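Take the sequence shown: its position 46, counting from 1, is numbered 490 in the authors' numbering, and each next residue is one higher.
The C-beta atom is built at its ideal place from N, Cα and C for all residues, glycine as well.
One structure below.
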Amino acid sequence: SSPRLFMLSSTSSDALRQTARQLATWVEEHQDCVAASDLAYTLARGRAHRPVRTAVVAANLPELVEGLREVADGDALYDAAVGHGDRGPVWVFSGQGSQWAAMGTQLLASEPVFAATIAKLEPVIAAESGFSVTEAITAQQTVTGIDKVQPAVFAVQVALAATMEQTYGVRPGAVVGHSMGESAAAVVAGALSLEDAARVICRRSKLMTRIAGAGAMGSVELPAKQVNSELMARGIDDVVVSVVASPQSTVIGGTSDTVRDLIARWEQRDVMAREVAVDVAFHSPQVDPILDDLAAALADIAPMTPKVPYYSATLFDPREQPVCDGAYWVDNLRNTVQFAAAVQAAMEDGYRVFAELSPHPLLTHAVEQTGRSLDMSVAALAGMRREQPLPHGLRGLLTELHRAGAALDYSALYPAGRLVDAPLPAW
Numbered sequence: 445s446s447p448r449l450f451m452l453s454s455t456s457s458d459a460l461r462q463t464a465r466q467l468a469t470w471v472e473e474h475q476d477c478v479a480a481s482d483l484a485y486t487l488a489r490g491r492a493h494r495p496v497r498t499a500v501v502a503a504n505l506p507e508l509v510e511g512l513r514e515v516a517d518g519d520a521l522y523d524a525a526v527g528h529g530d531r532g533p534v535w536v537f538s539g540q541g542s543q544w545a546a547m548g549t550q551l552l553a554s555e556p557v558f559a560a561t562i563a564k565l566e567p568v569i570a571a572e573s574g575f576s577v578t579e580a581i582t583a584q585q586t587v588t589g590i591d592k593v594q595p596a597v598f599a600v601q602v603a604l605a606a607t608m609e610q611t612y613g614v615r616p617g618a619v620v621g622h623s624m625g626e627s628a629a630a631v632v633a634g635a636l637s638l639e640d641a642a643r644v645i646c647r648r649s650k651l652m653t654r655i656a657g658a659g660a661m662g663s664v665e666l667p668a669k670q671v672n673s674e675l676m677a678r679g680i681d682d683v684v685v686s687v688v689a690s691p692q693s694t695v696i697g698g699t700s701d702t703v704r705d706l707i708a709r710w711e712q713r714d715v716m717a718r719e720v721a722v723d724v725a726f727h728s729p730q731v732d733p734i735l736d737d738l739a740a741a742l743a744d745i746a747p748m749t750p751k752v753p754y755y756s757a758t759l760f761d762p763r764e765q766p767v768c769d770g771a772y773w774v775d776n777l778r779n780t781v782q783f784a785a786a787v788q789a790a791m792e793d794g795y796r797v798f799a800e801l802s803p804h805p806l807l808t809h810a811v812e813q814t815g816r817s818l819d820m821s822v823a824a825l826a827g828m829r830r831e832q833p834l835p836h837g838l839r840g841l842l843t844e845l846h847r848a849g850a851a852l853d854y855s856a857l858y859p860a861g862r863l864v865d866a867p868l869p870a871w
């Protein structure tokens, strides 16, 4: 009786419409014989998924005939899958800034695994940071202080990954984190326990409140080698490259005045410069005072060997597998975020489907820019968007992962049924 996802695929946009039309005619003639569950199961598990994919949502067979005929009559361009169903998606865990008011409300209601994960984190974040992460992610005002933002964003990140794996059968092929995103990446990769990773973000953000107001940051659409050249040429020692997000994008960090002066000059040369909303200048010497204290706070963190490929933005070789001890988290906060190099390594290793598990996409464009620079066809998906209605939870993200060609377990969403004599399109 509930709405089901009917997968349809072909070799071209026109052949996919021909497939939709034959299926609609068949479904219309056999609707009294075929159970909708059996047909959805057959289309997902009894058919080899071809490159040009789509899916129609419908609660009953007559509804599916309308949806299928709509596809068949349309003039839509269906992009082909970039992955070959052999590698799982690369989950991208972005930094701060993705947060929005009541970002967790619909997923707490529509996804039981999201709710269960947030429930686990609730007493840990309460003991560590002194606040309710559930109250924070469902409040009518967006979460605000660094000590509250980081645990709340981390909690959404890990709850999204748990839902995708447990509820939708999507095991990640690899993980990539960007600054605070690396704590969620460490949990998902099996490098840290959920609790130790929560302790890492809670303690990290509490210590950062001590240095709030110490420097400023700025984004510039210039490659990092060029930015560094300008700093050295201008005799600037108080501002450094803090983030390397794409081959054409760089974030600088340092003293408030020199950062403002540099952005003023870049803008005047018609370059895409802009100040970034910060209290502290992370991944710069501004964080130096709090590094001894952080090392001490994280001395008890128990790191583990990652179970999934982890593309480190902290290590000098992103392919190297992290030892997520306190020293790693101190380096994570102080070293440049080499995000572009980590994404480039994953793409060189064969990954083409990237999905950003965050409250709102911050690094979708960065992933696309790295793919474009390698002359590769990649998919950079967003797990959630600000104020996006999610009445069917993350089922939308599952559809887009399927459409893109990410490897996933179809027995999670279609656990049982009878194979039906539905049409098999010619080669």
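Exercise for the section: Find the nearest neighbour of residue 706 within the set 684, 691 and 692, judged by alpha-carbon distance. Expected result: In the sequence shown, the residue the question calls residue 706 occupies position 262. Considering only alpha carbons, the answer is 684.
Problem - Separation of residue 464 from residue 513, as counted between CA atoms - result: For the purposes of this step, residue 513 is taken as residue 69 along the sequence shown, with counting starting at 1. For the purposes of this step, residue 464 is taken as residue 20 along the sequence shown, with counting starting at 1. Residue 513 and residue 464 have their C-alpha atoms some 7 Å from each other.
Practice task
Sort out for me which residues DSSP pairs residue 537 with in a bridge.
Solution key: The count along the sequence shown starts at 1 and reaches residue 537 at position 93. DSSP output for residue 537 lists 621 as bridge partner(s).
Problem - N- and C-terminal bounds of the beta strand (DSSP E) containing residue 826 - result: Counting from 1 along the sequence shown, the entry for residue 826 is found at position 382. Counting along the chain, the beta strand (DSSP E) containing residue 826 begins and ends at 823 to 826.
Problem - N- and C-terminal bounds of the alpha helix (DSSP H) containing residue 746 - result: In the sequence shown, counting from the first residue as 1, residue 746 sits at position 302. Premise fails: residue 746 is in no alpha helix (DSSP H) and is neither H nor E.
Practice task
Return helix, strand or coil for residue 478, following the three-state DSSP convention.
Solution key: Numbered from 1 along the sequence shown, position 34 holds the residue referred to as residue 478. If DSSP states are grouped into helix, strand and coil, residue 478 belongs with coil.
Problem - Helix, strand or coil at residue 755 according to DSSP, with G and I counted as helix - result: Position 311 of the sequence shown, counted from the first residue, corresponds to residue 755. Strand.
Problem - Runs of beta strand (DSSP E) lying entirely within the stretch 707 to 789, each at least 3 residues, in chain order - result: 718 to 720
Exercise for the section: Please check the pair residue 694 and residue 675, which I expect to be a contact at CB under 8 Å, by giving their CB distance rounded to whole angstroms. Expected result: Working through the sequence shown from its first residue, we reach residue 694 at position 250. Working through the sequence shown from its first residue, we reach residue 675 at position 231. So it is not a contact: roughly 11 Å between Cβ atoms.
Handout entry: Where the beta strand (DSSP E) through residue 494 begins and ends
Key = For this step, residue 494 is matched to residue 50 along the sequence shown. No beta strand (DSSP E) holds residue 494; DSSP gives it neither H nor E.
Practice task
Please report the residue range of the beta strand (DSSP E) in which residue 663 lies.
Solution key: By one-based count along the sequence shown, residue 663 stands at place 219. Counting along the chain, the beta strand (DSSP E) containing residue 663 begins and ends at 660 to 664.
Exercise for the section: Could you say which of 595, 479 and 452 lies nearest to residue 873 if we only look at CA atoms? Expected result: What is shown of the chain runs 445 to 871, which leaves residue 873 out entirely.
Handout entry: Contacts around residue 495, its chain only, beta-carbon distance under 7 Å, and the 5 residues preceding and following it disregarded
Key = As a working mapping, residue 495 is identified with position 51 in the sequence shown. Here the set comprises 455, 524 and 525.
Practice task
Look up residue 657 in the DSSP assignment and say whether it is helix, strand or coil.
Solution key: Taking the sequence shown and counting its residues from 1, one reaches residue 657 at position 213. Residue state, collapsed to three classes: coil.
Problem - Assigned exposure category for residue 624 - 16 Cβ within 10 Å defines buried - result: Taking the sequence shown and counting its residues from 1, the one referred to as residue 624 is at position 180. The residue is buried, with at least 16 neighbouring Cβ atoms inside 10 Å.
Exercise for the section: Since I believe residue 642 is in contact with residue 572 (beta carbons under 8 Å), could you give me their beta-carbon distance rounded to a whole number of angstroms? Expected result: For the purposes of this step, residue 572 is identified with residue 128 of the sequence shown, where counting begins at 1. For the purposes of this step, residue 642 is identified with residue 198 of the sequence shown, where counting begins at 1. The Cβ separation is near 7 Å, so the contact holds.
Problem - the stretch 828 to 836 touching the stretch 845 to 852, judged by at least three CB pairs closer than 8 Å - result: No: fewer than three Cβ pairs fall under 8 Å.
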